[PDB]
Structure formats: C-alpha cells, structure tokens
C-alpha cells in the first residue's frame, strides 16, 4: 500500500525504553479515541501501563477505543468528558491520580478552524490550559503534549492555537511538573485526511481532487510517530520542545498518482482545486540546524523560551472576549502570518 511506501521505518525505535517509562504507571490520555490518542492508548497497554484513563468527548471515538482494547478491559477506564469541564476533570484526576498525561485532544482541521476560530481558541487553548492547570494542581508528574509542524511559523488559526498551547504548557513546567511538547508532521491515514479522501474518491470512480500540483507534506505511520513521542517523553527532564525527523518530503501529486497505480485505477483524472485559506504549499522542516541531538537519531530538541504566565493568562482571557481573534493571536505569537 502507499502507507507501506511512505512509512519512515525509523531505525531508532526502542521498546524497552518506552516500557521503562510506562510500566506500572497510571496514565491518562486526553483525546483517547482520536487518531493519535487511540495509538497512544494501544501503546500504553503494550508497554505495561497499570491503568489507562481514556478521556474523550466524542462518544463513538471513546466507544471504539474501549472496544478495541476489550482484552484489557480490567485495566482501562473510559471517561466520556470534555477537558473544558474543569470541575469534572478535577474529580477524575483526584479519583485516578495519574502520574502521566498524554494530551492528544484538539481540533486540527485547518479549514474548519478558519470558519470557527472562536471554537478553535476555546477547545485548543482553553482546553489545554484547563487540562494542564488541573494536572499541575493534582500533582501529575509529567505532561506530554502532541503538537504539529503547523505550529511552526503558523499561517492558520489552527496552527497558531497549537503554538499558544506549546507556549502555555512549556511555561508551566517546573521542577515538580515536567512538561514536554513533541512536534511532528502528517500521520498517514489519519482521521479526515488526504489518503482516506483519495480512497473514497477512487472507490466511487470520482476524479481525485488535488489542491496544487506542487504541494508537499511530510509523513509518518501513526505507530512510528507515537512511539517516538513516548521515547521523547521518557527522556524528557521538563521544558523540552521536541521535534521528530520525518524523512523526505512527499509531493501530494506523486501520492495521488501512486494511489491510482496501486488501485489499478489510472482511468481516473487528477483535478486541481486550489490552495485553501490558511494552507501552506510546503510545511516547515521540523529540525533546525542548531537543534540539540538526543540519543535517538529521530528526535531533536528545539529552542524555546518560557513566557511569563501572568502575561499569557491575561492574553488568553483577552482571546475569549476580543473582536478580532486573528489580531489577538498575533499579540501572543509574533511569527503568525495569517493566510487569509
């Protein structure tokens, strides 16, 4: 399949390192039923977590990961909950006392977030603030947030909200509460992504819709990305912004063309539809030449400075009441260049 062809096959996957990090821990995964969250759940079981707390606001998604892990039902707890509900979230943290939170709950679709920028701010920034604050207050030892190459020099509301989340979480890290963020690019076959869209077009004998002939993304298999996230969490001392080596860029036109060749469906045309608001032709390359090496060739540490939380909390209040969210986000993230 094209998945196999575009897998990274990282040479530095380290099962025993992840087992050492997770064995007998109580771990809470937010967004547990999502593409990334579900794989985080599966790997928590694989690598020996004692008790997995699965938090998701989407009932089908929660149902499905809980069903997927039914052989391990005695050590998993499905919590149907939005992380915006601080009071209920606090009760969950007190009840189960997780030692690690893996935070994979967010809205990620660039077009939808352009159309719903207030909801993007509330779900992404306020949700992350509530979950991180509750974690620190309830003495969770370590907190790892999933981030995106879209957070790097963002051109869209979504990516900018994720950058604010990096700033907030990293600024909360201290010697009692270790936070790390891990940035990576596209996961092959993820919810609502290009590969399932192309599959559904080819099945239904429809032309493939390509945004631009030159567009490029970086790709990894979900199991590869998630295990590297966990390796990064395992080595983190707190305050690190990690970045993954995604390998070679893939032109989406070559992706489309290969899917057609593999489906034996060269009868179909590829139609160009146009670059959408907020959308990059080439996402940013994640690893900077001055980033720090780790013991894993696929994982580097990027520079980040803490911001003052009094300032950032005030800006996060402003985001909730302001007339112009794009303008308000630019106050927090000076590198934001909104592609309207």
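Numbering follows the first chain given and starts at 1.
Legend: mean Cα B-factor per stretch from the PDB entry, 101-109 versus 203-211; the higher mean is in 203-211. Two stretches are in play, 91-99 and 180-188, and the higher mean C-alpha B-factor belongs to 91-99.
Of the candidates 306, 42, 50, 57, the PDB record gives 306 the highest C-alpha temperature factor. In the deposited entry, the Cα temperature factor of residue 11 places it in the highest third of its chain's modelled residues. Per the PDB record, residue ranking by Cα B-factor puts residue 311 in the highest third of the chain. Among the modelled residues of its chain, residue 154 has a C-alpha B-factor that falls in the middle third, as given in the PDB entry. For residue 23, the recorded CA temperature factor ranks within the lowest third of the chain's modelled residues.
In the PDB entry, a CA B factor belonging to the highest third of its chain's modelled residues is recorded for residue 321.
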